[PDB]
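First the structure, in the form of structure tokens, and then the observations on it.
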Ligand SMILES: [Fe+3]
Ligand SMILES: [Fe+3]
Ligand SMILES: [Fe+3]
Ligand SMILES: [Fe+3]
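Chains as they are written, first to last, in the authors' numbering: chain G, 6 to 55, 63 to 282; chain B, 3 to 54, 66 to 282; chain E, 1 to 56, 63 to 282; chain H, 7 to 30, 34 to 53, 58 to 115, 124 to 191, 194 to 282.
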């Protein structure tokens, strides 16, 4: 995997992503931003069910839960330029399907090599000729060691003609990052989580999985309190399904209410 | 010539799914009782008059029509044909668009087309693409070639190149009386007809369904809470208020905090 | 005998007796004017239009809507052609007037918390007519249909019978002289533009009072509403009587029998493409 | 081949003879045409239904457009090319088609007895295709095959290579014997708008019937434009006395028009 950032352009980042299926952007979040995210997130990780430590933890509905995710992450300029470059001419519009914080503690087993877009057999059966669907931004909230199980990737596996082949493990490259760095990959790229050999270290990450406008998001954000939705930018509101999408094909719009803009239809400002 | 292959009054739902597989279009006779057609027209007329050219379009039916809320969204034949059309790998489905269409005197003939062309990534797969759009076209009025009944090209959902829309001479007219329905795929070539009649307006009710993973055209979250609470859980899932359960991701999709969405926002278990 | 009220008119009452009660009292109640089905579709046709007007700093205790002929088919056909309304119009304007048309057709909604209205005469808007008080000519004829129940608790309209005959219209009376008009169904109250009246306060925390008013004019008084924007397809669906009511046909006063509201001294509706 | 004002009306009739297609309106007039025509096209609720209308056509222009009624039907270039195209033996002509429009074929295929004669057949259709919007190969320029009007066999429609794209900014004239086809509109935002005027010789039945035009619209037009829409009798050189008469008298005068 290419650990390329700092002087790298977003067009370049899109190019490494399309050639390899995975890219590492160094120092994406400021260390203060990482500390702000962990501070806002810790109480809700502790409250997940209101001598048996819980090794594995998964949490979503981040916009309701974190202000910095509400504002900083959903409006991040690099994530949006990479989304526009990844979806390209034919797609047009996109939104976030899943935003989740992931925690593996000590003793977590090794994961199977897999492709996330396997959840869509109708898309997954086209293998590498298939349209771009899933785009995954995997952000740091703890150190990524091979020892604590940093996620592994097989570069170029997004282009294979047969997706029944998940490859073999010696083809996987571990993604080592330290601070609020990110790794981007497509839903067609083979990957797997690592085993956490240390007895003393918990792996924490934030994944943001985006979809094209025409693929159903995994998360429903309509129970998000109205006051917090009104505090968000219209771009972030479209990302969480509160605004209509604008595909280039049928530019009149999609996800409408009475053939009119959706967010205005249920009380948001125009 | 090909003809449309009419059905119903003794055909099983499996037969309708099979006719849909082979021809891409089928006519279900006597689908709605005359009383149901009269409720539907009575409930829809005031909303059509306030919509502000004889052509008309209207959606957001569940807020506007009780018969659509209860009778149509819970219709057993529609759901049997839906489960037969999407089949094993899909599992769950929901409604993308429910609309009343009105085409009165002077209406121009439509160009031959395929509705699934609004999805270029799917449309470019031509006949080998997955099932996506399933359209139920109910006749709230008589469908005559004189008033512009929809024409179809059977077997065109099968074609290897969807850049070919076929020719107007391969088209078969769909004559429907009232409460009769025509079911078709989003991959089948079709077009609405010209309404020469100086006097008569054609009324149809379209119900366009999607597999679980394709975004519905309509958003129903501004639907009033007590009309949603009056609906059956199946009908609530059709309008996006309940989580889907694809065979692919059996644990669920369209969730709130990895929990059932309708329960999460105050609906009954 | 010890007590007096607005007089009711039942189905066995003729329109001549209704016109009689109307210019002895200035107000009359026509029981069971609209069938429950007519009230139901009238409310049904009006609901989407009101919802589009009022869906969006201010609580809404009050709603109004006009331009009914474009908006409601039952109003276009059933109400605008209603035989009793035309009998009473002919009797109210009488020989010297001859022809009449509708000045204002409006739906009014008074919900909870609406304050009591001041006593008034609707014809104060015409000072040259209003200054003649009870000697003045008939001008406004108001038909107020109850689209919901009219209770004193939700503010049923109050009237002062005989106030249309008063010699000084600067005097609007006092609330102790007003009698409430209780109506249930699509029952109607007819009153003159010279009779003092006022809407009540809606004390209820739950109930909305809804009414449909049709205010008619003699041919020579300018209607409040202009109906030029009514679509031609809906005007062509109307009967010639209803077309004259909304100003698309010439009037035929008894005074100037040749006609009024003409185009090149010819019938107006034919002159702009309607059927002869 | 393109033709400016240094081009003769003669020399354009001589392209039409040689190639079968020619490329030659005030931008203001173009906007006036678009302004008068837009409300009628919109009226074809505002029917979209997530299903926008892609192909559109409209006719009966004289009832609908004043500038088409006066300037276009009386335009000196259309009539000079019409007289030059029909020539001596024909004499008189009228409009068969006035339409706004937004496979290889030949319009004179609708006349099998004429179409069977191939390139030696008499002139019938003359088609003026004006650009109400930009005419690019990117939004689907009508393609033409020059010289196809003279081919000895009209069941050969040629192949899609011989097609030369007709690029216009804001008309192209062609015969009903020229192979042509409209292009595909790839542009994912723009729509090409054209106005076609298809003329016939006097003896060929026009496609459009113009009697439902209200009488005042007919009476405001020049006598030439009234003859173009079938309200005046034709005067063939063959039958110099007249054709399309009422009781052997001029038709438009017989039904209340001018002398
Ligand atoms: Fe994964
Ligand atoms: Fe269609
Ligand atoms: Fe008043
Ligand atoms: Fe052509």
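All residues carry an ideal CB built from backbone N, CA and C; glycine is no exception.
Residue i in three-state terms, based on DSSP
i                      : result
residue 280 of chain G : coil
residue 106 of chain B : strand
residue 116 of chain E : strand
residue 224 of chain H : strand
residue 148 of chain G : strand
residue 198 of chain G : strand
residue 138 of chain H : coil
residue 244 of chain E : coil
residue 50 of chain E  : helix
residue 9 of chain H   : coil
residue 192 of chain H : This model leaves out residue 192 of chain H; its place in chain H lies between 191 and 194, and no residues are given there.
residue 186 of chain H : strand
residue 68 of chain G  : strand
8 Å Cβ shell around residue i - same chain, five flanking residues per side excluded
i                      : result
residue 110 of chain E : 72, 219, 220, 221, 229, 230 and 231
residue 51 of chain E  : none
residue 249 of chain G : 241, 255, 275 and 280
residue 79 of chain H  : 45
Cut-off 7 Å between Cβ atoms - residues of its own chain near residue i, not counting five sequence neighbours on either side
i                      : result
residue 256 of chain E : 265, 266, 267, 268, 273 and 274
residue 161 of chain E : 116, 120, 205, 206, 207, 208 and 215
residue 210 of chain B : 118, 159 and 160
residue 8 of chain H   : 29
residue 106 of chain B : 95, 99, 222, 223, 224 and 225
From the options, residue whose alpha carbon lies closest to that of residue i
i                      : options                       : result
residue 271 of chain B : G:63, G:34 and G:74           : G:74
residue 215 of chain B : B:152, B:176, B:250 and B:182 : B:152
residue 17 of chain B  : B:194, B:93, B:150 and B:176  : B:93
residue 112 of chain B : B:70, B:129, B:143 and B:98   : B:70
residue 237 of chain E : E:38, E:77, E:49 and E:68     : E:77
residue 40 of chain H  : H:200, H:83 and H:154         : H:154
residue 203 of chain G : G:191, G:167, G:233 and G:217 : G:167
residue 19 of chain G  : G:243, G:233, G:258 and G:198 : G:198
residue 147 of chain G : G:212, G:175, G:260 and G:96  : G:96
residue 62 of chain B  : B:178, B:90 and B:192         : It's not possible to place residue 62 of chain B here, given that chain B moves directly from 54 to 66.
residue 224 of chain H : H:65, H:247, H:251 and H:244  : H:251
residue 188 of chain G : G:165, G:101 and G:137        : G:165
residue 213 of chain B : B:227, B:157, B:12 and B:145  : B:157
residue 190 of chain B : B:178, B:132, B:180 and B:150 : B:150
residue 114 of chain G : G:233, G:234 and G:217        : G:217
residue 132 of chain B : G:261, G:182 and G:278        : G:261
Cut-off 6 Å between Cβ atoms - residues of its own chain near residue i, not counting five sequence neighbours on either side
i                      : result
residue 281 of chain H : none
residue 81 of chain E  : 74
Closer than 8 Å to chain H by CB, residue i
i                      : result
residue 261 of chain G : yes
residue 41 of chain B  : no
residue 70 of chain B  : yes
residue 55 of chain B  : No atoms are given for residue 55 of chain B, which sits in the stretch of chain B between 54 and 66 that the model skips.
Within-8 Å CB hit, residue i to chain B
i                      : result
residue 176 of chain G : no
residue 182 of chain E : no
residue 249 of chain E : no
residue 62 of chain H  : yes
residue 58 of chain H  : yes
residue 83 of chain E  : no
Interface flag, residue i vs chain G, CB-CB below 8 Å
i                      : result
residue 52 of chain B  : no
residue 154 of chain H : no
residue 209 of chain H : no
Within-8 Å CB hit, residue i to chain E
i                      : result
residue 144 of chain B : no
Review point. Taking any Cβ of chain B, which residues in the segment 222-234 of chain G have a Cβ under 9 Å from it, in chain order?
Key: 223, 224, 225, 226, 227, 228, 229, 230, 231, 232, 233 and 234
Exercise for review: With 7 Å as the limit, tell me which residues of the segment 101-133 of chain B have their beta carbon closer than that to any beta carbon of chain G; keep them in chain order.
Suggested key: 102, 131, 132 and 133
Exercise for review: Compile a chain-ordered list of the residues in the segment 254-280 of chain B whose CB is closer than 7 Å to at least one CB of chain G.
Suggested key: 261, 262, 266, 267, 268, 269, 270, 271, 274, 277 and 278
Check your understanding: When Cβ atoms are compared, which residues of the segment 21-50 of chain B fall closer than 7 Å to chain E?
Key -> 48 and 49
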